[PDB]
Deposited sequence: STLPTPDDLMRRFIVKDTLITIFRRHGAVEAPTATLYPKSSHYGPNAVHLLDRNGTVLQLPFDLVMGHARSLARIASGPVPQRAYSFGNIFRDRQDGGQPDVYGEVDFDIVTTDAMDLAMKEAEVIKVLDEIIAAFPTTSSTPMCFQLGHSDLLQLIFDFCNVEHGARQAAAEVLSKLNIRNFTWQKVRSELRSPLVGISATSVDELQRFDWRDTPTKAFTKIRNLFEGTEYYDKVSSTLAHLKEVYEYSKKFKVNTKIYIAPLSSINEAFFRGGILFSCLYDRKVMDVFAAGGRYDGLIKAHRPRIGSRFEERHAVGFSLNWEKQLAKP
């Protein structure tokens, strides 16, 4: 049972987020609700609170709130820089709050392919401004952790992890070093018959369980791949990450930026583009927000025999009610 102050604080937090988005040139896009699938292979629906009340059926593996953005992109044109409030449906009898849209999705959607890294850096800068605006995040140490879906897939190739086991492996690795989910628990879950990754493959993956500043991390990844076919296959990804880092320096991002090669949050959604998480940089880490580039999904689930204007999107999703209005 909340106090009136709790509701007022939630309102004020929402207004502050809206203000930060305004002052960065973004505009509001339709509010959306994600209705989860009822069977494993059944679709996930998204309801947009737009002119038509459009409902879109999404693939069975898109169970994460950021899927709402894909729905918007599938429904029609979207603004270049947009934010949209949303939630995931939970039954009222099971503690759902249907009139609280406690999540927000921020996305930059372009039609040109020439400045993808720049747009990703811009999204990171927006996240930097968000953390700067709130006492919960501005007084405690925070960090950004960057990776790339191509880098993760190449690591899986190097460690001889068979496909069809990589989704479960990415889901497990998305928990690494978060809320005391140490590498020992990661290994125990990866070797379990549910995931069934071999002991040698896990031992090889352990060589990528670290984070570092970009230059050192790039040399480390190269040295790990030296003498194998993956040394050359990785260059383009590393160059892209370097470009993102340089643009982030140009945009004067204050939060520290690490390269974490095993970054995996929502990798299925962001295949194959940059992945980034904004975390509380503490003894026990926790995730503040996550995002990445999801051109691949946009291209794959476009509305087939008709030619389409290729559209690129990078963005993040943040459970702002959980992180900013509960304290």
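In this chain, the deposited residues that lack C-alpha positions fall in the ranges 1 to 2, 306.
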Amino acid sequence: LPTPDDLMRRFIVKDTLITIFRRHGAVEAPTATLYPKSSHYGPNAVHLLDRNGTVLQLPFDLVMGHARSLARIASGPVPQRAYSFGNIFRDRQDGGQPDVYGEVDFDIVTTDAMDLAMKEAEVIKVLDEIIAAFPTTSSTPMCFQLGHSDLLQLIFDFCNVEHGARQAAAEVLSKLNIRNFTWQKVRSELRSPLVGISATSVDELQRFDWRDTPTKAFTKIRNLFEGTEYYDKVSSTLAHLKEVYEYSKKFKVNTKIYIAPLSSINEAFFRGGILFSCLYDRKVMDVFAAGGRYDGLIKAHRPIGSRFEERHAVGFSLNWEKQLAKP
From here on, numbers count along this sequence of modelled residues.
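Relative to its counterpart among 197 to 205 and 119 to 127, 197 to 205 has the higher mean temperature factor, C-alpha atoms as listed in the PDB entry. Taking the mean C-alpha B-factor of each stretch as recorded, 38 to 46 and 288 to 296 are not equal, and the higher mean is that of 38 to 46. Among all modelled residues in this chain, the alpha-carbon of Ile304 has a temperature factor (C-alpha) in the highest third. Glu267: CA B factor in the lowest third of modelled residues in this chain (values from the PDB entry). Among the modelled residues of its chain, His66 has a C-alpha B-factor that falls in the middle third, as given in the PDB entry. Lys233: CA B factor in the middle third of modelled residues in this chain (values from the PDB entry). The PDB entry assigns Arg9 a C-alpha temperature factor belonging to the middle third of its chain's modelled residues.
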